[PDB]
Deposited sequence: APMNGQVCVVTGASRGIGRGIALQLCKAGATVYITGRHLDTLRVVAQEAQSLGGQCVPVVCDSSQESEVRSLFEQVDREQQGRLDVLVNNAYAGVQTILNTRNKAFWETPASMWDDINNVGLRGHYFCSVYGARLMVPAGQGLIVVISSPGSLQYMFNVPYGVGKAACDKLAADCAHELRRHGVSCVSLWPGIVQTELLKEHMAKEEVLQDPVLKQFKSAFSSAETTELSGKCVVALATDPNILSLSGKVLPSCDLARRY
């Protein structure tokens, strides 16, 4: 199995893109830590993931809480003797809020809407990247994936969404910059939008997973580090 012996962490894995990626990583033979706020939900994904192969470890982690993120990566370190190969920073937190407030302007919606979209979905990504990079850098290898979209380039849906996406693409680029000399890669993946109402999803989440497995097993992964990667192009590459 291609990812036998490898260790992954996938955030926002209870549904959608994160769940699709967790499933493909386990299918490739990895041990995959999956996170979310609710253990029961994660266990159902884990049952399905582990059925495809590898191992799947539900961890309750609200990534808006730095101490919970620390706890997550302490567990990984403890259980895997410091090994971490792949971190997928993914968040569905806030997408439902985006949907509910369609066609309301940023001054019409509550100011706190920022936190529904850019806490777990930006701030949490930074926290995870810090703790994950701490495990990768000593090994001289590893891959951090930030899930983003064309909202990084232009107005899309609403203000906090687009600002968050600009920030996520930059997070990938700037982390890549610092990590390169240590042999660790960081990319921004645009897997396409699962929530089509925003704009098959089933097919799409599976494709996203296959892309992450492809990236994680590419000997030339460092050459893509710091780039934006549309998932459709990766399909063609691989």
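- Absent C-alpha positions map to one deposited sequence range, 200 to 221.
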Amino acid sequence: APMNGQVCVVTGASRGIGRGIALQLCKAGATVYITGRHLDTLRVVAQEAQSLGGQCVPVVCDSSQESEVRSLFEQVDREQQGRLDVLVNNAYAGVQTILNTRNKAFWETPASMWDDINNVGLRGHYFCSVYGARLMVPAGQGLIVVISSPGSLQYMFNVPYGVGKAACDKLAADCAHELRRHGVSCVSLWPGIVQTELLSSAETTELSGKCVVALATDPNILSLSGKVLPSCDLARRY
From here on, numbers count along this sequence of modelled residues.
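- The PDB entry records a higher mean C-alpha B factor for 190 to 198 than for its counterpart among 207 to 215 and 190 to 198.
- Compared with the other modelled residues of the chain, the Cα B-factor recorded for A235 ranks in the highest third.
- Among all modelled residues in this chain, the alpha-carbon of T31 has a temperature factor (C-alpha) in the lowest third.
- Looking at the C-alpha B-factors along this chain, the one for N103 belongs to the highest third.
- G121: CA B factor in the middle third of modelled residues in this chain (values from the PDB entry).
- Split the chain's modelled residues into thirds by C-alpha temperature factor. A49 is in the middle one.
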